[PDB]
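> Here it is, the structure, as structure tokens.
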Amino acid sequence: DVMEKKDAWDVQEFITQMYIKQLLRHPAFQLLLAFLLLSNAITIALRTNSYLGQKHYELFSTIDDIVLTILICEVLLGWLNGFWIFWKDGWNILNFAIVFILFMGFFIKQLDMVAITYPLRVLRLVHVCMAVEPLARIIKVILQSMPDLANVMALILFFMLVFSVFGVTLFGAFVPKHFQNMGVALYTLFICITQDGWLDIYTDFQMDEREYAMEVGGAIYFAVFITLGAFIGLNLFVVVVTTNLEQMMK
Amino acid sequence: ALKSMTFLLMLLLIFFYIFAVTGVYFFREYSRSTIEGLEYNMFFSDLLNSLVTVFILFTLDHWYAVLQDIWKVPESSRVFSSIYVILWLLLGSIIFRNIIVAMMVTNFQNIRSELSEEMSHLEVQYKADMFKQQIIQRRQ
Amino acid sequence: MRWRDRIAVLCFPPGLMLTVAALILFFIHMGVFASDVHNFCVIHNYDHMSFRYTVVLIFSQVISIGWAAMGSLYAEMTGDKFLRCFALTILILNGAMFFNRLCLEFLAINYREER
Amino acid sequence: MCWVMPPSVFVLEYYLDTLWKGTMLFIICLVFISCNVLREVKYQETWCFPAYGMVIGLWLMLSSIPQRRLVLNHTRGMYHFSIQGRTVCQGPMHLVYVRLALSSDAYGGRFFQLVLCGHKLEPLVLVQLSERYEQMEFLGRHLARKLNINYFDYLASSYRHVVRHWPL
Amino acid sequence: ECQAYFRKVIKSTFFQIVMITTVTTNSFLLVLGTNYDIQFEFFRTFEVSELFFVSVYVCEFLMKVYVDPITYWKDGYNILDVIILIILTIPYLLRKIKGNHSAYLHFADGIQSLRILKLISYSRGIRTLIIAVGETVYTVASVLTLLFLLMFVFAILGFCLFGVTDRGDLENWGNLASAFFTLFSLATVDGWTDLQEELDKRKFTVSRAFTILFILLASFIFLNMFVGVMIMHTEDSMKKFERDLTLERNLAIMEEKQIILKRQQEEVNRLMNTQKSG
Ligand SMILES: CC(C)CCC[C@@H](C)[C@H]1CC[C@H]2[C@@H]3CC=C4C[C@@H](O)CC[C@]4(C)[C@H]3CC[C@]12C
């Protein structure tokens, strides 16, 4: 109201207001962080070539140290406002896990090597580029669509199993190497459901009797199952997509 | 629906026309080369063959294998040709498939909209008829 | 009020904790820095260098810098110029200290170990 | 617990949780003391990070707070700032308030806390439930039934906040 | 001074008819030039027609070099067509009379196709369609950026999984461009079977699981997300246009009814006045 004289908690609130005004609302610091991340992403794309690497490996190490120390500085600044709020968050958990894995693999000896150092960096790149507005709405609804997609995946896999029981009857020890092993058979039926270039399989189970045999029966059974499952799966995918986006425009 | 197909179809065919006639003389050194071992050579030979192969790219069947069969051309650092055909196939396929499915579901939307407004008008007319029946009954 | 009772029990006045901690860190770090320059210049007994503790005191250095800055920020609003001068001076000496020891460490590479 | 705390018969009493923080620090560092990692191949010993644990913890146990109280008894008490032993702050009204405070992150999520404002007073932080406004002014009304003083909302006076005493 | 007369001339439909005729003859020139005989033989007609076409396009740039760039520098189709004119004029300027250090011939049918694009720049109905679909540019750019991010993530992942070990699988998860193209194919449905048969022999059993996981994320997410986003973006863009058209029709109907009522009231008043005066 009047605020004749401030108190200690008002001073602390004003300090936290200053701390959230900088580095969280100021576009300059976020732009600098994005510029550094884009520069090290350029160095990422400059990899897979020892001809550039032989004069860049030490600079690569230095920029790795720089990006690691600025990431842990940002994490410490987020921790400063409070560990409880940072721990109870949807994306700060992911960022903390990213920096924890990167720092442990850096300081402590680890077999994590390039296959962890580089994808973690590009995951941080994705996380930072989510912050700027004209990708956050689109990203927000991809994660909103996965709970409604999970039931579709569950139904698809259950139907896939209960029709693979029909599948494994005409499978095993004949027309083998893609119909046997009961996991290769499942994944090969998944390939044929994804529906591209299955005439290798068609020629594989071709010539049983050259006229009808089971070459008629099993082939038409699995063909109608494949076409029905593919149509139903694609329809359900686009249906869940249209439902959740109708949610985002509602 | 096919009455509603007025401008999108000629947009589709004119994009097909311009992209096919651009891609005629892009992989020219594919069909017009002295390589003995090749099997997709005739795909990029004639203008009609060019139409057929860009329609194949539009349908998006074995685009991987088409690209590897054109990779037998001496790789000139892929600076213009491979990115052109890849961009053409991806943009044309997704843009046209998406635009047709969007406009078809829009057609279903206005079909159901006019149906629903017809039933709403019928219900309003029924309410007015019942009210006027009360008015007539009180008028006797 | 009664600063006897303020300094006696149960609490400390706001700030003036991190400043004193930075002072004692400054004291122990002049001790080790003087020992390092002494043994690097004359007596030459590198087996008893601080070649063994190299990263934990660097961590102590940066956290002392942070606490000095944080105490300066927490004590600036007192409205008194002496406290601000105190905090700025201790921050400046700690920072120049840090640059000096970083330069000394970077000069002393070829004497520790090789990977 | 919803009915026990609103009356707060006569005095209130309060404490701090830095003892808790120093407690898990002491447990963690005592764990660190015995059988830590053996990184002599790293040409470094990491026993001095626990030495800083010693220092930070011992300093945090040096902050002992016996029963922070006031003169909030349901009388014409002056709300003088009272500790067992020493006493610091006194005031004829116009300093004790109960104010709602808000905090925001980069995303924009709002977190609501309460602070008993005054000359080095203690806050009114509720137990880990701040996502919605719920009822707000009802707890201020219970405080008003207690010894009606204030209930201050965010930003300036405007509306939606209550005052009982004013020094004009 | 004469700017009003020049604008009236450019608004006259005869000029546009001549323009469309010239660029349709250019389209026929491209049709005959994609053949071999007419490309370099019996080509005096080709030469004179091409000179006429480039003269017409020069006149186009001359009438677009006015003060109208003050609106051409912020609009859509206008900046598009002047950019098309620039990237038409410069390449045949450095190609037809080259005398320079260019690489080879690959931008002749491309130039002619840009001319055909300038032809199709007409048809105001297609212009309205372009306007109606033009608000999804930011959305498709965002989906393209998400796609590219996923390609980069799985590009570094496929490299780290199959090309650093250097025991085979080269030019599929090896070199960067070939790896990117194989990943684009795996994100599509094409080539997945032969790619799987190529990768299963490299003593990497979990590569099959990784590739099928990559398919079930990338292909489904990209295809279904794109078709959705376009479907309701266009649905909501058509909806507002249709409701606005119906609102305009309703306003016109209301105005006609009000005009009829005013005419009836005036007729009644005139009849009453004549009855009073007679
Ligand atoms: C924990 C905070 C307060 C920092 C305190 C750091 C203390 C514990 C560290 C920093 C500097 C260190 C000393 C530096 C140099 C020497 C000489 C060497 O031949 C043996 C170790 C010895 C004697 C170290 C003992 C531990 C030491 C005093």
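We name chains A, B, ... following the order of the structure tokens; residues begin at 1 in each chain, and ligands are numbered from 1 as shown.
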Please identify all protein, DNA and RNA residues within 10 Å of ligand 1, counting only C-alpha atoms and all ligand atoms, and report them as a VMD selection string.

(chain C and resid 21 to 22 24 to 25 28 to 29 31 to 33 35 to 36 45 to 54 56 to 61 63 to 64) or (chain D and resid 47 to 56)

> Could you save the residues just selected, with N, CA, C and O atoms, as a short mmCIF file (atom, residue, chain, number, x, y, z; two decimals), in the first residue's frame?


```cif
data_model
loop_
_atom_site.label_atom_id
_atom_site.label_comp_id
_atom_site.auth_asym_id
_atom_site.auth_seq_id
_atom_site.Cartn_x
_atom_site.Cartn_y
_atom_site.Cartn_z
N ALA C 21 33.90 -15.07 6.09
CA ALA C 21 34.35 -16.32 5.49
C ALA C 21 35.29 -16.08 4.32
O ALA C 21 36.29 -16.80 4.17
N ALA C 22 35.01 -15.08 3.49
CA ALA C 22 35.90 -14.74 2.40
C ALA C 22 37.23 -14.19 2.92
O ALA C 22 38.27 -14.41 2.30
N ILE C 24 38.72 -15.20 5.76
CA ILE C 24 39.53 -16.33 6.22
C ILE C 24 39.99 -17.18 5.04
O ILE C 24 41.10 -17.75 5.05
N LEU C 25 39.17 -17.27 3.99
CA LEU C 25 39.60 -17.95 2.77
C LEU C 25 40.77 -17.21 2.13
O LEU C 25 41.73 -17.83 1.66
N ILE C 28 43.98 -18.10 4.27
CA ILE C 28 44.57 -19.41 4.01
C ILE C 28 45.10 -19.49 2.57
O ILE C 28 46.09 -20.20 2.30
N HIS C 29 44.52 -18.72 1.65
CA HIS C 29 44.95 -18.79 0.27
C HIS C 29 46.20 -17.95 -0.01
O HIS C 29 47.03 -18.37 -0.82
N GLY C 31 48.37 -17.91 2.40
CA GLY C 31 49.31 -18.87 2.95
C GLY C 31 49.80 -19.88 1.92
O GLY C 31 51.01 -20.04 1.71
N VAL C 32 48.86 -20.51 1.21
CA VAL C 32 49.27 -21.53 0.24
C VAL C 32 49.94 -20.91 -0.98
O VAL C 32 50.87 -21.49 -1.55
N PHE C 33 49.50 -19.72 -1.41
CA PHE C 33 50.12 -19.06 -2.55
C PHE C 33 51.56 -18.64 -2.24
O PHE C 33 52.45 -18.78 -3.08
N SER C 35 53.49 -20.10 0.02
CA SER C 35 54.25 -21.35 0.05
C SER C 35 54.60 -21.81 -1.36
O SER C 35 55.72 -22.27 -1.62
N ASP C 36 53.65 -21.68 -2.30
CA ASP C 36 53.87 -22.12 -3.67
C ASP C 36 54.96 -21.30 -4.35
O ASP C 36 55.86 -21.86 -4.98
N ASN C 45 61.75 -28.19 -3.77
CA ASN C 45 61.40 -29.51 -3.23
C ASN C 45 60.00 -29.91 -3.71
O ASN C 45 59.10 -30.20 -2.92
N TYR C 46 59.83 -29.90 -5.04
CA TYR C 46 58.55 -30.12 -5.72
C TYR C 46 57.75 -31.31 -5.20
O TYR C 46 56.53 -31.35 -5.41
N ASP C 47 58.39 -32.29 -4.56
CA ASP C 47 57.66 -33.40 -3.96
C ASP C 47 56.71 -32.92 -2.87
O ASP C 47 55.70 -33.58 -2.58
N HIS C 48 57.00 -31.78 -2.25
CA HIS C 48 56.12 -31.17 -1.26
C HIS C 48 55.41 -29.93 -1.78
O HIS C 48 54.99 -29.08 -0.99
N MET C 49 55.26 -29.80 -3.10
CA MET C 49 54.39 -28.80 -3.70
C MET C 49 52.93 -29.04 -3.33
O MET C 49 52.55 -30.02 -2.70
N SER C 50 52.09 -28.10 -3.78
CA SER C 50 50.67 -28.38 -3.91
C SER C 50 50.39 -28.89 -5.32
O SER C 50 49.48 -28.40 -6.00
N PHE C 51 51.18 -29.86 -5.77
CA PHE C 51 50.89 -30.58 -7.01
C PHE C 51 49.81 -31.63 -6.81
O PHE C 51 49.25 -32.12 -7.80
N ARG C 52 49.52 -31.98 -5.56
CA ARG C 52 48.59 -33.05 -5.22
C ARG C 52 47.16 -32.55 -5.10
O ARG C 52 46.24 -33.19 -5.62
N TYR C 53 46.95 -31.42 -4.43
CA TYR C 53 45.64 -30.79 -4.32
C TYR C 53 45.60 -29.64 -5.32
O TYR C 53 46.14 -28.57 -5.08
N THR C 54 44.95 -29.88 -6.46
CA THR C 54 44.94 -28.92 -7.55
C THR C 54 43.56 -28.46 -7.98
O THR C 54 43.43 -27.33 -8.46
N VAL C 56 40.49 -29.10 -5.98
CA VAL C 56 39.61 -28.80 -4.86
C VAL C 56 39.82 -27.37 -4.38
O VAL C 56 38.87 -26.68 -3.99
N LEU C 57 41.06 -26.88 -4.43
CA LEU C 57 41.29 -25.49 -4.04
C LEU C 57 40.86 -24.52 -5.13
O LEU C 57 40.55 -23.37 -4.83
N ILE C 58 40.80 -24.98 -6.39
CA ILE C 58 40.21 -24.17 -7.46
C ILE C 58 38.71 -24.04 -7.24
O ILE C 58 38.11 -22.97 -7.43
N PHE C 59 38.07 -25.15 -6.83
CA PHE C 59 36.66 -25.12 -6.45
C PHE C 59 36.43 -24.20 -5.26
O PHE C 59 35.46 -23.44 -5.22
N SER C 60 37.32 -24.27 -4.27
CA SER C 60 37.27 -23.35 -3.14
C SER C 60 37.43 -21.91 -3.61
O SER C 60 36.78 -21.00 -3.08
N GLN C 61 38.27 -21.69 -4.62
CA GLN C 61 38.50 -20.35 -5.13
C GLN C 61 37.22 -19.78 -5.74
O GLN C 61 36.80 -18.66 -5.42
N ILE C 63 34.07 -20.83 -5.34
CA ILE C 63 32.98 -20.66 -4.39
C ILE C 63 33.25 -19.47 -3.47
O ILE C 63 32.31 -18.78 -3.06
N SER C 64 34.52 -19.19 -3.14
CA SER C 64 34.82 -18.00 -2.35
C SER C 64 34.51 -16.73 -3.13
O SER C 64 34.00 -15.76 -2.56
N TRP D 47 38.97 -35.06 -0.28
CA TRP D 47 38.56 -35.00 1.12
C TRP D 47 38.23 -33.59 1.58
O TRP D 47 37.66 -33.43 2.67
N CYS D 48 38.57 -32.57 0.80
CA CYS D 48 38.37 -31.19 1.23
C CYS D 48 36.99 -30.65 0.87
O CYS D 48 36.53 -29.70 1.51
N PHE D 49 36.31 -31.24 -0.11
CA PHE D 49 34.88 -30.96 -0.27
C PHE D 49 34.08 -31.36 0.97
O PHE D 49 33.26 -30.55 1.44
N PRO D 50 34.27 -32.55 1.57
CA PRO D 50 33.71 -32.76 2.91
C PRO D 50 34.24 -31.81 3.97
O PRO D 50 33.51 -31.54 4.92
N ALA D 51 35.47 -31.28 3.85
CA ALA D 51 35.91 -30.28 4.82
C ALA D 51 35.03 -29.03 4.74
O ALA D 51 34.66 -28.44 5.77
N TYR D 52 34.66 -28.63 3.52
CA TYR D 52 33.68 -27.56 3.38
C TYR D 52 32.32 -27.99 3.90
O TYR D 52 31.55 -27.14 4.39
N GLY D 53 32.00 -29.28 3.82
CA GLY D 53 30.78 -29.77 4.47
C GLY D 53 30.80 -29.58 5.98
O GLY D 53 29.83 -29.11 6.57
N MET D 54 31.91 -29.97 6.62
CA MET D 54 32.19 -29.63 8.02
C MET D 54 31.93 -28.16 8.31
O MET D 54 31.19 -27.82 9.25
N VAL D 55 32.54 -27.27 7.53
CA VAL D 55 32.48 -25.84 7.84
C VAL D 55 31.05 -25.32 7.71
O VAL D 55 30.52 -24.66 8.62
N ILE D 56 30.40 -25.63 6.58
CA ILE D 56 29.04 -25.15 6.33
C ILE D 56 28.08 -25.69 7.38
O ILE D 56 27.27 -24.94 7.94
#
```

> Using DSSP on the backbone coordinates, identify the residues of stretch 133-243 of chain A assigned to alpha helix (DSSP H); present them as a ChimeraX atom specification.

/A:136-169,184-194,199-204,213-243

> Do a neighbour search on residue E:128 at 12 Å with only C-alpha atoms, toss out local chain neighbours closer than 6 positions, and write the hits as a list in words.

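Near residue E:128, the qualifying residues are residues 7 and 8 of chain B; 76, 77, 121, 122, 134, 237, 238 and 241 of chain E.
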
> Within 10 Å of chain C, which residues of chain A come that close, and what is the closest atom pair and distance in Å for each? Count only C-alpha atoms and give it as a Markdown table.


```
| residue | atom | partner | partner_atom | distance |
| --- | --- | --- | --- | --- |
| A:8 | CA | C:14 | CA | 9.1 |
| A:11 | CA | C:77 | CA | 8.9 |
| A:12 | CA | C:74 | CA | 9.2 |
| A:15 | CA | C:74 | CA | 9.0 |
```

> Dump N, CA and C atoms for the selected residues as a compact mmCIF listing (two decimals), in the first residue's frame?


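Result written to out-v1.txt:
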```
# COMPACT_ATOMS: atom_id res chain seq x y z
N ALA A 8 12.79 -7.66 5.41
CA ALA A 8 13.76 -8.62 4.89
C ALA A 8 13.14 -9.52 3.82
N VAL A 11 12.76 -7.60 0.69
CA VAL A 11 14.07 -7.49 0.05
C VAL A 11 14.41 -8.78 -0.69
N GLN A 12 14.14 -9.93 -0.06
CA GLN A 12 14.40 -11.22 -0.71
C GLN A 12 13.52 -11.41 -1.94
N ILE A 15 14.93 -9.32 -4.67
CA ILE A 15 16.14 -9.95 -5.20
C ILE A 15 15.78 -11.08 -6.15
```

> Excluding residue E:56 and its own-chain neighbours fewer than 3 positions away, which residues fall within 9 Å of it when counting only C-alpha atoms? Please give them as a ChimeraX atom specification.

/E:19,22-23,51-53,59-61

> With N, CA, C and O atoms kept, could you save the residues just selected as a tab-separated table (two decimals), in the first residue's frame?


```tsv
chain	number	residue	atom	x	y	z
E	19	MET	N	0.28	-10.65	-72.71
E	19	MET	CA	1.27	-11.25	-71.81
E	19	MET	C	1.06	-12.75	-71.67
E	19	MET	O	2.01	-13.54	-71.77
E	22	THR	N	2.07	-14.54	-74.82
E	22	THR	CA	3.52	-14.65	-74.96
E	22	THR	C	4.08	-15.75	-74.07
E	22	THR	O	4.90	-16.56	-74.52
E	23	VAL	N	3.64	-15.81	-72.81
E	23	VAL	CA	4.21	-16.84	-71.94
E	23	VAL	C	3.64	-18.23	-72.25
E	23	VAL	O	4.31	-19.24	-72.00
E	51	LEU	N	13.62	-14.23	-78.18
E	51	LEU	CA	13.88	-12.80	-78.14
E	51	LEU	C	12.61	-12.02	-77.81
E	51	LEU	O	12.64	-11.07	-77.00
E	52	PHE	N	11.48	-12.41	-78.40
E	52	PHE	CA	10.21	-11.77	-78.07
E	52	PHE	C	9.85	-11.96	-76.60
E	52	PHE	O	9.39	-11.02	-75.94
E	53	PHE	N	10.07	-13.17	-76.07
E	53	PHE	CA	9.72	-13.46	-74.69
E	53	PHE	C	10.58	-12.66	-73.72
E	53	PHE	O	10.07	-12.12	-72.73
E	59	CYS	N	9.96	-5.75	-70.44
E	59	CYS	CA	8.87	-4.79	-70.27
E	59	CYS	C	8.16	-4.99	-68.93
E	59	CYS	O	7.74	-4.02	-68.29
E	60	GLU	N	8.02	-6.25	-68.50
E	60	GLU	CA	7.45	-6.54	-67.19
E	60	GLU	C	8.27	-5.92	-66.07
E	60	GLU	O	7.73	-5.29	-65.16
E	61	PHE	N	9.59	-6.11	-66.12
E	61	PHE	CA	10.44	-5.50	-65.10
E	61	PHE	C	10.43	-3.98	-65.20
E	61	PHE	O	10.53	-3.29	-64.18
```

> Could you work out which residues of chain A fall inside 8 Å of chain D? Count only C-alpha atoms, and format the result as a list in words.

residues 1, 2, 7, 8, 9, 17, 20, 24 and 25 of chain A

> What would the file look like if the residues just selected were written as an mmCIF file, in the first residue's frame with N, CA, C and O atoms?


```
data_model
loop_
_atom_site.group_PDB
_atom_site.id
_atom_site.type_symbol
_atom_site.label_atom_id
_atom_site.label_comp_id
_atom_site.auth_asym_id
_atom_site.auth_seq_id
_atom_site.Cartn_x
_atom_site.Cartn_y
_atom_site.Cartn_z
ATOM 1 N N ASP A 1 0.822 -1.205 0.000
ATOM 2 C CA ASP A 1 0.000 0.000 0.000
ATOM 3 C C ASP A 1 0.859 1.259 0.000
ATOM 4 O O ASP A 1 1.143 1.827 -1.054
ATOM 5 N N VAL A 2 1.281 1.685 1.191
ATOM 6 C CA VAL A 2 2.202 2.813 1.286
ATOM 7 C C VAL A 2 3.644 2.335 1.145
ATOM 8 O O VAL A 2 4.438 2.929 0.406
ATOM 9 N N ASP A 7 10.860 -4.724 4.403
ATOM 10 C CA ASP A 7 11.375 -5.698 5.355
ATOM 11 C C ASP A 7 12.273 -6.702 4.636
ATOM 12 O O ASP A 7 12.500 -6.617 3.425
ATOM 13 N N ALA A 8 12.791 -7.660 5.413
ATOM 14 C CA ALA A 8 13.756 -8.622 4.886
ATOM 15 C C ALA A 8 13.136 -9.521 3.824
ATOM 16 O O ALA A 8 13.778 -9.829 2.813
ATOM 17 N N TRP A 9 11.891 -9.955 4.032
ATOM 18 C CA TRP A 9 11.255 -10.816 3.042
ATOM 19 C C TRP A 9 10.887 -10.046 1.780
ATOM 20 O O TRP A 9 10.941 -10.609 0.682
ATOM 21 N N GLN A 17 12.969 -11.317 -7.764
ATOM 22 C CA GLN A 17 12.380 -10.664 -8.929
ATOM 23 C C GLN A 17 13.455 -10.189 -9.896
ATOM 24 O O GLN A 17 13.302 -10.324 -11.113
ATOM 25 N N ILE A 20 14.904 -13.321 -11.621
ATOM 26 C CA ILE A 20 14.053 -13.874 -12.672
ATOM 27 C C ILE A 20 13.820 -12.876 -13.799
ATOM 28 O O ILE A 20 13.411 -13.276 -14.895
ATOM 29 N N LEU A 24 15.963 -14.928 -17.627
ATOM 30 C CA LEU A 24 14.693 -15.603 -17.844
ATOM 31 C C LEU A 24 13.699 -14.774 -18.639
ATOM 32 O O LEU A 24 12.861 -15.346 -19.340
ATOM 33 N N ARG A 25 13.769 -13.447 -18.548
ATOM 34 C CA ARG A 25 12.937 -12.553 -19.340
ATOM 35 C C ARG A 25 13.726 -11.718 -20.334
ATOM 36 O O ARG A 25 13.172 -11.313 -21.358
#
```

> I'd like the neighbourhood of residue E:26 as number ranges by chain, where a residue qualifies if any of its atoms comes within 9 Å (using only C-alpha atoms), though same-chain residues fewer than 2 positions away should be ignored.

E: 21-24, 28-31, 49-50, 53, 112, 115-116

> What residues in chain D have any atom no more than 7 Å from chain C when counting only C-alpha atoms, and can you write them as a ChimeraX atom specification?

/D:43-46,48-49,63-65

> Please, could you write that set of residues out with C-alpha atoms as a compact mmCIF listing (two decimals), in the first residue's frame?


```
# COMPACT_ATOMS: atom_id res chain seq x y z
CA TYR D 43 46.18 -37.57 -8.99
CA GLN D 44 43.85 -35.87 -6.51
CA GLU D 45 42.15 -36.45 -3.16
CA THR D 46 38.60 -35.13 -2.69
CA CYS D 48 38.37 -31.19 1.23
CA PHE D 49 34.88 -30.96 -0.27
CA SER D 63 22.23 -20.73 14.17
CA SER D 64 20.00 -21.87 17.03
CA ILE D 65 16.54 -20.29 17.32
```

> Name all residues at most 12 Å from residue E:92 (count only C-alpha atoms; drop same-chain ones fewer than 3 positions away) and give them as a PyMOL selection string.

chain E and resi 50-51+54+85-89+95-98+105-112+114-115
